[PDB]
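Next up, structure tokens for two forms of one chain, structure 1 and then structure 2.
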Structure 1
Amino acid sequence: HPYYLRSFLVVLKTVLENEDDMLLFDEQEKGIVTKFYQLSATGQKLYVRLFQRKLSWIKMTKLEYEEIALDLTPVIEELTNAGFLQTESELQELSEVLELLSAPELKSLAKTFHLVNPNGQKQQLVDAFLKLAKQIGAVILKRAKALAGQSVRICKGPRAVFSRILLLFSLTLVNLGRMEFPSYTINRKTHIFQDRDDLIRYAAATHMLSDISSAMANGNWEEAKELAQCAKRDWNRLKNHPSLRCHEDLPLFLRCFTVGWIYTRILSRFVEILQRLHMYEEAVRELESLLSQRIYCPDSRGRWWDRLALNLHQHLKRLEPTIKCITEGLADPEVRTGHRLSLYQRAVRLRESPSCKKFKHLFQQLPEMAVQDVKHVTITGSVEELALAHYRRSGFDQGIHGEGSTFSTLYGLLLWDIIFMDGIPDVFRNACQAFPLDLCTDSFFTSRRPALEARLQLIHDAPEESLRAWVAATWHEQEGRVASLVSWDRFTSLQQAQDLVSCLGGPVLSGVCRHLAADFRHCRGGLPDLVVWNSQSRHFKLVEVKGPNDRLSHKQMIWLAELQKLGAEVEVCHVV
């Protein structure tokens, strides 16, 4: 079987094997799945290939895939009987015929009925024939279909079922069959989706969010704004619908996969575009409304407070609301790492600024958390490779451009037993899960608290050999197994990881792992990019490399201060 068919079959079997997931699908949808199974291998390959393509008609001349078959003409018939593909006979909607027609063939069609400018843009000509059809339409359609040829569209019905299956799988695509996943007991005690309609709703919400992200990428913002507006209108409805209340009681990691969560991320994208369209007052209204709920996306409350403060300060030029927003944001426990530092820095800059005296300062009430200053080194001399070269010139001999993946890899290696341990409900729902589902959530440290603290303390008091024994044992058992935390390409060899942990030492590594385990989402970003060590000296310098243009991020400063606190010498290498 080819790669795409293997991946699709893996997804299909994964969704089949979970009984709760198939509780969602109706009888005819399971019939469609079985119909897919009772097809030729060539037919399955063809349908997967068309599934990767967009839901538009494809000219039969363009469709040919030599590997699936020398000739696709029968396979098309086979899929046609089952209801998977609709051949030319169903092409009764004229707009898609025009889109199917090639532009030179558009010119030919305009010649056939030259009631309109012969030449021009494809969109313009298509609008022209569409107007012409409205004002003879049967003959126009007949000639259009005749000149187009034979085309096959992936039927909406079956494609919807396979799309929901893919959504369920990726919820928890080229190398899917080849990559093997780690060993862990599959245990789901709650249902991410309660009813089939709920998955339909989740599919609709994710489709809307994907449309808004496509508008993000294309740079089109007005359509993005109206899409976000209708999304907000939709989420204004269905709020009273009992489905949401059941979804609230869900754990945070499982609540991530809910209609409300996707609509809240859509609202966040609306905040981003509103700032992009410079409708800053509306962005402030949305951000204040976003923080009015504690239920959905508590993880992103930091960006909401930071953006609210920045909007009220430098883009609405109001100080009194800014003081309140900074104080409230620092008061919310959910803010971590960079955003807390950003709000603090805003508060301190306002404190030692003119025109802030007018009101009671309220920063006397505000806590004073100060990032420890880190040593800054500037070398003159691909900037990160240059920094590696400069440190190689120093006493240090080796180093790895971790970019935060090195600490994630070490943490995953040294805590793999706890990361994938059993006895935790719903944190592994499918046989295909690269990472435990409760990771990137505060529930990770709480649920695993005894063993997590035990292993973290052990690493804290671990001799270098014990860390090396643990890293060696875990790597041998799990090399290759998929894991979001562990990047196997990140370390050249297991000996490299052994040398790294031993050089880093048990305490500072234990602290880094503790921070990554308490809240991985906020602590993962901002780690120093470059870690350098000398094998003989066993001395390490963790270096965050920032070019002349870019300055230290708030997360980077927080992590550098924390790493210096743990006993690591950290400097920021500027290469000018």
Structure 2
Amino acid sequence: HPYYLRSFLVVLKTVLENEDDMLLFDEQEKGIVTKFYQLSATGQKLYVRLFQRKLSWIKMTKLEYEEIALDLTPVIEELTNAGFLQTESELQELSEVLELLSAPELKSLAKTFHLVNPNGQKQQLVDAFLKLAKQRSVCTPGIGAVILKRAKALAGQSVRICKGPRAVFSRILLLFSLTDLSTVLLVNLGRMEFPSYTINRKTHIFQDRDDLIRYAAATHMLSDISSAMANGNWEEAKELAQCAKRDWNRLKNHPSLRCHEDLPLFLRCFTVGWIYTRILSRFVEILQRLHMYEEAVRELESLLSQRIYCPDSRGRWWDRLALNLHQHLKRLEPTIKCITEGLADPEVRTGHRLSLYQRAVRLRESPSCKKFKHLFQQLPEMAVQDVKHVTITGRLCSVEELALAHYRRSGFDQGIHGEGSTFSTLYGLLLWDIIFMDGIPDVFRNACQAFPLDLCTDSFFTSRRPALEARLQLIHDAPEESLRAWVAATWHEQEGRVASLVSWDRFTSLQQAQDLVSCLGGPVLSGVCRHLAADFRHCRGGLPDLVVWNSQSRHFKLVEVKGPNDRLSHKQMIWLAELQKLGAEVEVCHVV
């Protein structure tokens, strides 16, 4: 099997093995699945190819796949017998034929039909054809019938994947990707060997088939909004988002939502309301890209009004509300109220809390707010230790490589660009036993899971508090030999595994892992692993860009390497302060 069908078959197998996901489907859709399994290998390969490809008519001439078969007419015939493929005969919609036509062929048809512009933009010609189709013939019916016939004759044989089975497989992909085709998973998925864990599924995210269909609709809406954002079609994005908010409001009292409220936080991120709250966050993003900022702060207040969808991102929304309402809007007293609420909110953590604090101290120092005194009171005080700053002058290589070379001069010959993957890697290596530990409910659902669902969620610390606390103490009070053995044990046992925490290519060799672990020491690794274990979402970023150490000296320098146009991020400030508090020696490197 080639890679794309291998990925597809692994996704299908994983979803089918789930009894709950199978219950989520109707009997007909299981019929589509069992018909997909009832095809030749070339049939499956071509179906996966056409499925990865955009859902539009594709000319049989342009379908040239060397790996399946030199002539693919038998394969298309087999797929259209099976129902998945629609041949040109079911192409009775003029717009689809016109879009299928190439620019030269469309220009040729336009001359034949005496369009206004025989030459011009493809979309303009398509619209002109749609206008012409509605006119009356001299038969006194539809003129577009002749347009349809001529366009079909010109297009030639064309195929398109059926939307029914496509919806079935898209929903299958969504159910699989819940636990987490994307290109990273489209290729290599058959080869990626996932960590070992026992699957424990007690809670149902979806209740009825309609709930999963509704979740798929919400996910498709979110994907369309994100694609519009990426392509820069910001006005279309808002219209889709506004519709999406209208749909979210229409379903406000739907009985399925009452149980989505009772799903655990790490599972609640796979519900219709969760995706609509993410869609509203993207709605705030577009409102912010758009000039309007008043409806933006209104939607931030609306999202903030709920503690029950997306609490992990309340820091982001709090910072965006404060930023919009302060810089973009003249009023600052409600900014003070929002900030004093934000530092009070337990969900705001590790970088957005610092951002709110910095906004508060700016307002306190600023003469504009000097009349207000409520801000000074009840402002939690978390002063951040200043970090040593070193400036390096030098110069095509990456800036961080120049910093690596510079620290090679001052010792520190062994150095890796971790960028935060190094400390996550060491965290995974020293805590693989408890990150993937059994006996935590609903956090392993499918066998194809890189990370437990509790990870990136507050419940990861709470669920495994005994074991996590015990191991974190053990790492803190440990000799170099014990740490070396502990890291090497997991590098051996779980070699080649796939975890969102462990990047194997990050460390060139296990010997470098041993050396870096020895150099960092007990308390430093203990503190970093403790800050990553709890609230991993707000602590996974901002780690120092470069870790460097002299092999003989056993002395390290966790160095943040910022270019002349670069700045210290809030997460970076927090992490440098925390590493300094741990006994580590950190310093910011500026390279001009």
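Only residues modelled in both forms are compared. Here, rigid core means the biggest group of C-alpha atoms that superpose within 1.5 Å across both forms. Here, residue number means position along structure 1's sequence, counting from 1.
With the rigid core aligned between structure 1 and structure 2, only one of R393, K360, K189, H114 has a CA shift of 2 Å or more: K360. Once the core of the two forms is superposed, the Cα of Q495 has moved 1.0 Å between structure 1 and structure 2.
Look at the core-aligned forms between structure 1 and structure 2 and you find runs of 3 or more residues with C-alpha shifts of 2 angstroms or more at 115-117, 357-362.
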